[PDB]
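The structure under discussion appears below in the form of structure tokens.
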Amino acid sequence: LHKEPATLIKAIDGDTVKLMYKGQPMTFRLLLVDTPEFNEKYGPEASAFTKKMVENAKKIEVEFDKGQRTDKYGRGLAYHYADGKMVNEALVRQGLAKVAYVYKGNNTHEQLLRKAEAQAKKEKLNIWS
Ligand SMILES: Cc1cn([C@H]2C[C@H](OP(=O)(O)O)[C@@H](COP(=O)(O)O)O2)c(=O)[nH]c1=O
Ligand SMILES: [Ca+2]
Numbered sequence: 007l008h009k010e011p012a013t014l015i016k017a018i019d020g021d022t023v024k025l026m027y028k029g030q031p032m033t034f035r036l037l038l039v040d041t042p043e050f051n052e053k054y055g056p057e058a059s060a061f062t063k064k065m066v067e068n069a070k071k072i073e074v075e076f077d078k079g080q081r082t083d084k085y086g087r088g089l090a091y092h093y094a095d096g097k098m099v100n101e102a103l104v105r106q107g108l109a110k111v112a113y114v115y116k117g118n119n120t121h122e123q124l125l126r127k128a129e130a131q132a133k134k135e136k137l138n139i140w141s
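Numbering-wise, the sequence shown is residues 7 to 43, 50 to 141 according to PDB author numbering.
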């Protein structure tokens, strides 16, 4: 896998963000996670977490996995990095997302994320409280 550049257009919620990628606007859905919807418990906290992380970043990068790069809704599917830190992992580490939507061939970072979820669960963080 490799990182590619992108720029923030807009934070949307905990697990979706609008980015300019190869010069085109695209909504991205973060791989291998599920944040609560804004209207659910921890939804606002997930959205705010992702928003800060991507808005504060000097450099956003996306990393596609080895399978499908767009979902059925036309959303990009990627791992996202804010000054080199993975947003997808950071959400799970904080108990603001669950590992989810683990599909064959787009699962390169599954066990990394599961390890973060286990530490979040141990700490009874947010969703795991
Ligand atoms: C994360 C992810 C979601 N999706 C689709 C599956 C779900 O379909 P359904 O809408 O039919 O439930 C939906 C979940 O996204 P959200 O959690 O953003 O709703 O997005 C993928 O197809 N691939 C993925 O890698
Ligand atoms: Ca969601």
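A virtual CB, placed ideally from N, CA and C, is assigned to each residue, including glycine.
Item                                                                                                                                                                    : Value
Of all the options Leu37, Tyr85, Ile15 and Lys16, which has the alpha carbon lying nearest to the alpha carbon of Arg126?                                               : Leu37
Taking 7 Å as the line, does the beta carbon of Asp95 fall inside it for any heavy atom of ligand 1?                                                                    : no
Enumerate in chain order the residues of its own chain whose CB-to-CB distance from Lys78 is below 8 Å, with the five nearest sequence positions on each side excluded. : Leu7, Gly117, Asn118 and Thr120
At what residues does the alpha helix (DSSP H) containing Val66 begin and finish?                                                                                       : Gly55 to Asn68
For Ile139, which three-state DSSP category applies?                                                                                                                    : helix
What is the DSSP secondary structure of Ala102, reduced to helix, strand or coil?                                                                                       : helix
Report the residue from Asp19, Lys84, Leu89 and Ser141 whose alpha carbon sits nearest the alpha carbon of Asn51.                                                       : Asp19
Under the assumption that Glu67 contacts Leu14 (Cβ atoms under 8 Å), give the Cβ distance between them as a whole number of angstroms.                                  : 7 Å
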